[PDB]
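Data block below; observations after.
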Amino acid sequence: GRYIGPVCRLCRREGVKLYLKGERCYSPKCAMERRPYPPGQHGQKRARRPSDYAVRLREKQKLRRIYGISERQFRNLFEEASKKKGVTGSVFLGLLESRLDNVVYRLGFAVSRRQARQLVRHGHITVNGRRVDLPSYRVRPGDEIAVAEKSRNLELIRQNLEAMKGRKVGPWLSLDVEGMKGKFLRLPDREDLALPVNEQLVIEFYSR
Amino acid sequence: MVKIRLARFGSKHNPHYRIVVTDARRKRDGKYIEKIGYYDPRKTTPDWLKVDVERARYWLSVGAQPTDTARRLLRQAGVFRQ
Amino acid sequence: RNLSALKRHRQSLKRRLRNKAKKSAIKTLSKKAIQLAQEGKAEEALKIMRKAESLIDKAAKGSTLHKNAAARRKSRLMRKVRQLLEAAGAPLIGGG
Amino acid sequence: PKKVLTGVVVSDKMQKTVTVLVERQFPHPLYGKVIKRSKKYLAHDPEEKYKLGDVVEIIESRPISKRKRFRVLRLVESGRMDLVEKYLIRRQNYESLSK
Amino acid sequence: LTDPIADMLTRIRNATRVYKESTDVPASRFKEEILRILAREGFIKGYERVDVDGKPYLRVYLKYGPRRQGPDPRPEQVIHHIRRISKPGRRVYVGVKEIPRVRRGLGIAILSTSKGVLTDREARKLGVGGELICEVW
Amino acid sequence: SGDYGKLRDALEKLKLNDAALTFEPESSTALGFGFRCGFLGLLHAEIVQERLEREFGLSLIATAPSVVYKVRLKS
Amino acid sequence: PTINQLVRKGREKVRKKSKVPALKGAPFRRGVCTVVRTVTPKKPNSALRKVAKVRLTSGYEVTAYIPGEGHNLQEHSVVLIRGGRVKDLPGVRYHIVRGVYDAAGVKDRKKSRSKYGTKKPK
RNA sequence: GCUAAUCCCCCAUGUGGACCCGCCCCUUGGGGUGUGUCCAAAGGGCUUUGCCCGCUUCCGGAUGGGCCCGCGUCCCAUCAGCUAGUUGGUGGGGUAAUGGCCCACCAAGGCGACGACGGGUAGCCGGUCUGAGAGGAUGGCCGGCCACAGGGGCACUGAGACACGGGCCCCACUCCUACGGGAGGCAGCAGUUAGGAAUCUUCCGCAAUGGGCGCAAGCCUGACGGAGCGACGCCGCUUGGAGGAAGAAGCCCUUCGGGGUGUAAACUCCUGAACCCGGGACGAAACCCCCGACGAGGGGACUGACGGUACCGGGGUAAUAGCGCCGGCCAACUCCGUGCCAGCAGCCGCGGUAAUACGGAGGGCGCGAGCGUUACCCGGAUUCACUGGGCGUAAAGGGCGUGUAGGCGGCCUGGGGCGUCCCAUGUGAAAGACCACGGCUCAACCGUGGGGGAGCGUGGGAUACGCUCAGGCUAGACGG
RNA sequence: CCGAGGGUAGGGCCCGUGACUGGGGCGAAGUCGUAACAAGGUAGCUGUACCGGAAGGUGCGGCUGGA
Ligand code: SF4
Ligand SMILES: [Mg+2]
Ligand SMILES: [Mg+2]
Ligand SMILES: [Mg+2]
Ligand SMILES: [Mg+2]
Ligand SMILES: [Mg+2]
Ligand SMILES: [Mg+2]
Ligand SMILES: [Mg+2]
Ligand SMILES: [Mg+2]
Ligand SMILES: [Mg+2]
Ligand SMILES: [Mg+2]
Ligand SMILES: [Mg+2]
Ligand SMILES: [Mg+2]
Ligand SMILES: [Mg+2]
Ligand SMILES: [Mg+2]
Ligand SMILES: [Mg+2]
Ligand SMILES: [Mg+2]
Ligand SMILES: [Mg+2]
Ligand SMILES: [Mg+2]
Ligand SMILES: [Mg+2]
Ligand SMILES: [Mg+2]
Ligand SMILES: [Mg+2]
Ligand SMILES: [Mg+2]
Ligand SMILES: [Mg+2]
Ligand SMILES: [Mg+2]
Ligand SMILES: [Mg+2]
Ligand SMILES: [Mg+2]
Ligand SMILES: [Mg+2]
Ligand SMILES: [Mg+2]
Ligand SMILES: [Mg+2]
Ligand SMILES: [Mg+2]
Ligand SMILES: [Mg+2]
Ligand SMILES: [Mg+2]
Ligand SMILES: [Mg+2]
Ligand SMILES: [Mg+2]
Ligand SMILES: [Mg+2]
Ligand SMILES: [Mg+2]
Ligand SMILES: [Mg+2]
Ligand SMILES: [Mg+2]
Ligand SMILES: [Mg+2]
Ligand SMILES: [Mg+2]
Ligand SMILES: [Mg+2]
Ligand SMILES: [Mg+2]
Ligand SMILES: [Mg+2]
Ligand SMILES: [Mg+2]
Ligand SMILES: [Mg+2]
Ligand SMILES: [Mg+2]
Ligand SMILES: [Mg+2]
Ligand SMILES: [Mg+2]
Ligand SMILES: [Mg+2]
Ligand SMILES: [Mg+2]
Ligand SMILES: [Mg+2]
Ligand SMILES: [Mg+2]
Ligand SMILES: [Mg+2]
Ligand SMILES: [Mg+2]
Ligand SMILES: [Mg+2]
Ligand SMILES: [Mg+2]
Ligand SMILES: [Mg+2]
Ligand SMILES: [Mg+2]
Ligand SMILES: [Mg+2]
Ligand SMILES: [Mg+2]
Ligand SMILES: [Mg+2]
Ligand SMILES: [Mg+2]
Ligand SMILES: [Mg+2]
Ligand SMILES: [Mg+2]
Ligand SMILES: [Mg+2]
Ligand SMILES: [Mg+2]
Ligand SMILES: [Mg+2]
Ligand SMILES: [Mg+2]
Ligand SMILES: [Mg+2]
Ligand SMILES: [Mg+2]
Ligand SMILES: [Mg+2]
Ligand SMILES: [Mg+2]
Ligand SMILES: [Mg+2]
Ligand SMILES: [Mg+2]
Ligand SMILES: [Mg+2]
Ligand SMILES: [Mg+2]
Ligand SMILES: [Mg+2]
Ligand SMILES: [Mg+2]
């Protein structure tokens, strides 16, 4: 299945925080605040003018690791954006951003995307009342994503939810703290996510 | 003779029949003369049984013999309703 | 090792004899009629033609002859006979 | 509809039969150019009233023999022996195409 | 002369490229219909019917852009491109749904239709197709 | 040769009822692809070859047997 | 050519030739080694390249390459060949597959073991 | 020898129907009519001066078929000539029916460079794969058609067969006799064996859908519904999550200062695949019975192979990772070993004692229940070029004329309206592709709806260009 | 009568194989000479003819891709 393994090494290679952990990420304990050069024996040697293939490859790998997705699933979502009408880079981000495990993390039920994945997978999340443990679920406009209340009094969710008391959610979402519930309003515009990714490079990757 | 019967479509453990007028001698999923309605026996959707009442009586009037399950579904659509 | 396909075989044999016997008479009486017509002899020709017409149409109640098989037999027989008579004429009793 | 074609009698030689050479035009499926194709039909002439050079119409019909299933419909033009001459030359050119 | 129309297109092409004021093409009423469109769209100034040693010709009046700056001051052409589509070797016919769009509408296609000689845009407007004569841009 | 096919087959097709027979391939400049066979006694060897010949129509030759000598040179 | 010429004569489809006819035309073929020896390569390489002549089930007899360091094949070894020439050995159009029939895996191999036919070591 | 019937035959009745002849309409044998001849039938249950199922003849319908025709359907021209039932005619035979399908007789015809005949290969289509399209490749599963049932012939019975699990004969093979003769046909489902790189259970159930027979109860149904096995393909899911040192050990590198593996581990917290307990399906309401009338309508009961499965609730454990690669193409580099050896290799090429290219190691890159390899198809290959190529010297102008078929053809008018363009209409099955929505917690998969076109048929229209016909012109061509 | 097929005799095409034979491709460091590339030491090439271990030589005419 999904990757599982050291993730700092991942953010180090891509040369930017991928925020793959939530709490330590915004700390000075992060290897990126700490040692921001790619892993292994050669991270500290001088770079070499990247080939243009590598620049697109590293840009695609960047966007994908952010969301913790397989290349199989990343490739299918990109194919749908392409075959779909409308600007492919944006519909791609939308299609990625419409993911269940992602909307859970983005809402605040979980501190990191890997945790939201486990939150969805362990039964702790409901789409419109019904329990939905599939992490790749396509959340749709006007869907109510909530915490299954037979685990509403759960020490992780309470903590992380209280941490949202105050914090804002994206302009495309809503969140009833202590309702423990949220709405997907519309699918996000490209401007809404401030992603460290030139997604058109991803398009150029897959058109080789 | 000619028949009004169910042709199974759908997938495994997901039967979706078309109610269908065809020659008796074809295999049940083969070429049929006309599709006069459908039928989802698990009622997974609001309208799990459509029948074009006019055509059903036309083939009825012309000699096409409904089975039994098709007769019940046609009846349940008031096709025989005098 | 069995069937009721043996039955169908046995029954088929019975019917084979029945069809054979009927089609034989039909061929024998038609010929006799056409031979009488060729000599004319028209009184006996039309009589045999009528017993041939009879048999032909009795063969086509069942399986020995198709309707259109009897009609073609009857057509050609009534044309051989009549035309042979017409070459010296006089059609006596029943038939035309 | 029974098919109706127009062509020229190219052969008389047969009792109650005329060979009607029939031509058609169409764009090549791949190269688009307009090309001509042609096909000889043996046509039923129950009164041997049709003869060499007769541009005629033939109509699809119940089979009359082997390979004979058009009847001549009506005459359309007479004495077009140029059409016939084209055919025959083509045939005679075949004498030189051997080994 | 195997293709008069082609010959006019090449008579105009060869003359514009040397910046002739005019060029004569032997007369035919079909060519006038084509010239008429080139006039009506401003690819040529116009034409008149002349006598050249007692024979009928069509004097085409050619048009250029302004004299240019720099090395090589030769003006831009108005007729950049004029080329035969349909030809005696391969006639080319299109239905109304297959009328091409020459240079995203910055060019034209001229066609012969049983409703007259038209451009791509009148063809589509009168709902007819026909023989694709040339493209010009 | 290349009755070899009918020989390797005869051997296999008979082993599956002979607990004692053992065979395995070996080559020979003459006469080619054969089999080095273990038997449980001379009379057992006589009976196998009689089966091959009389029930499989095989004409063959019993030889040898020879052993894989290992060699150590200077290396 | 002219359109007319193309109508008269068409274009010819170009038809690919098999580099691997003895397979006929499967992905692999079984066979019995008849000769097992070394062979030398052509310029600019010098080696004692390990090789088998193989009599195939397809009726063909071909020389196949024995990849990897060391091998256990002798005359009368049953073997499986895949497509693939060895460029230094004109005539050698096929590779024996290590770890199938009587061909052992490469001993002590730790890298690329799925080629060379070597199980993951404990 | 006995004997019954819905078995067979004969007589009768003739609504009708068939056949000969005449006449009318109609136009290939379509329809009407007259006379003559000829042709029918069967009984069974019951609650019984009525119902149910049968039955005979006829017309029409519906469905399904046969036959015919236009057009499209691979390679070789180093296959160029082919044809005597051959091509047509007359009359017959045969069939449901046309036909040289068969036959007799007569004529001398038929076909072919627009590729006959011969060879080779091949079931064909909806589709499938690739492709920007055009095109190319393909025809497994599903749907439609065709063909075949050990090899070959044959007919019988029948609405229908020249019949996979019917018959007859011959052959090959295998197997049984008591020695006369006899048995068999898995290209049905399982399954065996052989061949092979390689392809599954001698499973369950007729609960559903569909078929046959029966008034019905019901019976049979290896169709089918399921379950099994195989990562074969696609989709979904897990092997954890958060915290956690300027940072353990081990290992690798090192200018021995240091760097790396690495927040990775440990360890803290908490979540809870597996598993356990309880429940537990949808798919199944008809047939049937009852009221009504056996109808419409009403009411009612029966029935689950899958399966105690899915799924729900409760409890509950930190719980498989691999494979390919790291000279360039191409993403990823160092140490050691080896020393044109052993080995790598898709191409370029690498190895000759300091190898980012061999082998191992550490690190790294890629993908992840997969990853690689071999085979093959389309692409990249405008490298067969219709879209979309070339030929002075790169491959490529015929040695030069003359000319046959063919291709192509200046300027003007009319007729036609074949090509071409337009509009309407029919056909273009279903599945699939596409769009939309909807159902399985998602997706795969499935459902409903929708738009399809080209092509071809019909009808109507147009006439510029190409064509045809008729007629002109003088500029091309030829003549004096 | 026709008729599966069996048989008899004679053709045609294709595949496999064959003593021996022809030339061809290829193969790290064999032998002979040196024909061509620089008037390559006789300008080259060329169609044909004849001759010679081999490249090649020569004749006849041609080409310049030699002056
Ligand atoms: S910690 Fe810093 S590095 Fe490690 S994951 Fe969060 S961001 Fe990426
Ligand atoms: Mg692509
Ligand atoms: Mg007799
Ligand atoms: Mg005839
Ligand atoms: Mg070397
Ligand atoms: Mg080398
Ligand atoms: Mg390995
Ligand atoms: Mg009685
Ligand atoms: Mg009677
Ligand atoms: Mg004859
Ligand atoms: Mg004669
Ligand atoms: Mg033709
Ligand atoms: Mg075949
Ligand atoms: Mg392309
Ligand atoms: Mg296939
Ligand atoms: Mg099929
Ligand atoms: Mg068999
Ligand atoms: Mg048989
Ligand atoms: Mg048989
Ligand atoms: Mg047979
Ligand atoms: Mg019969
Ligand atoms: Mg019957
Ligand atoms: Mg049979
Ligand atoms: Mg049968
Ligand atoms: Mg058959
Ligand atoms: Mg069987
Ligand atoms: Mg089987
Ligand atoms: Mg058996
Ligand atoms: Mg096997
Ligand atoms: Mg085997
Ligand atoms: Mg099996
Ligand atoms: Mg199966
Ligand atoms: Mg059933
Ligand atoms: Mg049933
Ligand atoms: Mg699976
Ligand atoms: Mg440190
Ligand atoms: Mg350390
Ligand atoms: Mg350490
Ligand atoms: Mg350290
Ligand atoms: Mg962790
Ligand atoms: Mg541990
Ligand atoms: Mg707990
Ligand atoms: Mg149920
Ligand atoms: Mg349970
Ligand atoms: Mg790789
Ligand atoms: Mg790559
Ligand atoms: Mg690189
Ligand atoms: Mg390697
Ligand atoms: Mg070294
Ligand atoms: Mg490499
Ligand atoms: Mg290495
Ligand atoms: Mg998966
Ligand atoms: Mg390719
Ligand atoms: Mg490309
Ligand atoms: Mg191409
Ligand atoms: Mg071209
Ligand atoms: Mg080129
Ligand atoms: Mg050259
Ligand atoms: Mg050249
Ligand atoms: Mg020349
Ligand atoms: Mg030349
Ligand atoms: Mg000339
Ligand atoms: Mg000419
Ligand atoms: Mg012409
Ligand atoms: Mg003209
Ligand atoms: Mg027209
Ligand atoms: Mg369709
Ligand atoms: Mg014979
Ligand atoms: Mg015999
Ligand atoms: Mg030979
Ligand atoms: Mg030889
Ligand atoms: Mg010299
Ligand atoms: Mg020299
Ligand atoms: Mg010299
Ligand atoms: Mg010299
Ligand atoms: Mg010379
Ligand atoms: Mg000399
Ligand atoms: Mg000279
Ligand atoms: Mg020179």
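Heavy-atom basis, side chains included; hydrogens, waters and symmetry copies ignored. Chain identifiers are assigned alphabetically (A, B, ...) following the order of the sequence lines, protein sequences preceding nucleic acid strands; residue numbering begins at 1 within each chain.
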Considering only nitrogen or oxygen atoms on both sides, find all protein atoms under 3.5 Å from nucleotides 140-147 of chain H and state each distance.
from: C145(H); atom 1: OP1; to: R26(B); atom 2: NH1; distance (Å): 3.1

Please list each protein N or O that sits under 3.5 Å from an N or O in nucleotides 99-101 of chain H, with the distance.
from: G99(H); atom 1: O2'; to: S65(D); atom 2: O; distance (Å): 3.2
from: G99(H); atom 1: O2'; to: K66(D); atom 2: N; distance (Å): 2.9
from: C101(H); atom 1: OP1; to: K66(D); atom 2: NZ; distance (Å): 2.9

Could you go over nucleotides 414-419 of chain H and give all protein N or O partners under 3.5 Å, atom names and distances?
from: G419(H); atom 1: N2; to: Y93(E); atom 2: OH; distance (Å): 3.1

Write down the protein N/O and nucleotide N/O pairs, taken from nucleotides 61-63 of chain H, whose separation is under 3.5 Å; answer none if there are no such pairs.
from: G61(H); atom 1: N2; to: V62(B); atom 2: O; distance (Å): 2.7
from: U63(H); atom 1: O2'; to: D23(B); atom 2: OD2; distance (Å): 3.0

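The side chain to side chain donor-acceptor pair (under 3.5 Å) check on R82(G) picks up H95(G), with sequence neighbours excluded. With sequence neighbours excluded, the residues satisfying side chain to side chain donor-acceptor pair (under 3.5 Å) with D88(G) are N45(G), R49(G). The salt bridge (charged side-chain N to carboxylate O under 4.0 Å, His left out) test applied to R72(A) returns no partner, not counting sequence neighbours. Taking the side chain to side chain donor-acceptor pair (under 3.5 Å) definition, one finds that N68(C) meets it with nothing, sequence neighbours left out. Take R42(B) and apply the side chain to side chain donor-acceptor pair (under 3.5 Å) test, not counting sequence neighbours, and it matches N14(B). Every ring-ring contact (aromatic ring centres under 6.0 Å, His included) that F70(D) has, sequence neighbours left out, goes to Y41(D).
Paired regions of RNA chain I, where each region holds three or more successive Watson-Crick or G-U pairs whose two hydrogen-bonding distances fall under 3.5 Å, are I:43-51 with I:56-64.
The side chain of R18(B) contributes no N or O atom lying less than 4.0 Å from OP1 or OP2 of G447(H). Within the 4.0 Å cut-off from OP1 or OP2 of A208(H), not a single side-chain nitrogen or oxygen of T69(B) is found.
Base pairing of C219(H) is made with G212(H), judged by Watson-Crick or G-U wobble geometry with both donor-acceptor distances under 3.5 Å. A 3.5 Å limit on both hydrogen-bonding distances identifies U130(H) as the Watson-Crick or G-U partner of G135(H).
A183(H) and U174(H) are base-paired: they meet the Watson-Crick or G-U wobble geometry, with both hydrogen-bonding distances under 3.5 Å. The base of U413(H) does not engage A77(H) as a Watson-Crick or G-U wobble partner with both distances under 3.5 Å.
Looking at heavy-atom distances under 4.0 Å, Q11(C) makes no contact with the nucleic acid at all. Within 4.0 Å of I35(D), counting heavy atoms only, lies no atom of the nucleic acid at all. Nucleic acid contact class of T67(B) (heavy atoms, under 4.0 Å, all strands): sugar-phosphate only. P67(G) comes within contact range of the sugar-phosphate backbone alone, with a heavy-atom separation under 4.0 Å but no base atom that close. At the heavy-atom level, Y57(E) lies nowhere under 4.0 Å from the strands shown. Using a 4.0 Å heavy-atom cutoff across all strands shown, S11(B) reaches sugar-phosphate atoms only and no base atom. Contact annotation for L100(A): no contact, since no heavy-atom pair falls under 4.0 Å across all strands. Using a 4.0 Å heavy-atom cutoff across all strands shown, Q118(A) reaches at least one base atom of the nucleic acid. In this structure, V7(G) reaches neither bases nor backbone, as no heavy-atom distance under 4.0 Å exists between it and the strands shown. Base engagement by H42(A) is indicated by at least one non-hydrogen atom pair under 4.0 Å involving a base atom. Nucleic acid contact for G32(D): none, since no nucleic acid atom lies under 4.0 Å from a heavy atom of the residue.
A332(H) and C350(H) have their P atoms separated by 22 Å, given to the nearest Å. A distance of about 13 Å separates the P atoms of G225(H) and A284(H), rounded to the whole Å. Using atom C1' as the reference point in both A113(H) and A80(H), the two lie 9 Å apart (nearest Å).
The base of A464(H) has none of its N or O atoms less than 3.5 Å from a complementary donor or acceptor on the side chain of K115(E).
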Could you tabulate the donor-acceptor pairs under 3.5 Å formed by side-chain atoms of residues 22-35 of chain D, not counting sequence neighbours?
from: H28(D); atom 1: ND1; to: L30(D); atom 2: N; distance (Å): 3.0
from: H28(D); atom 1: ND1; to: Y31(D); atom 2: N; distance (Å): 2.9
from: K33(D); atom 1: NZ; to: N4(G); atom 2: OD1; distance (Å): 3.4

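If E60(D) and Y38(B) are placed on RNA chain H by their nearest nucleotide, the residue sitting closer to the 5' end is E60(D). Residue-to-nucleotide proximity on RNA chain H shows that, of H9(C) and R12(A), the 5′-proximal contact is made by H9(C).
Using a cutoff of 4.0 Å between basic side-chain nitrogens and carboxylate oxygens, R69(D) and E60(D) are not scored as salt-bridged.
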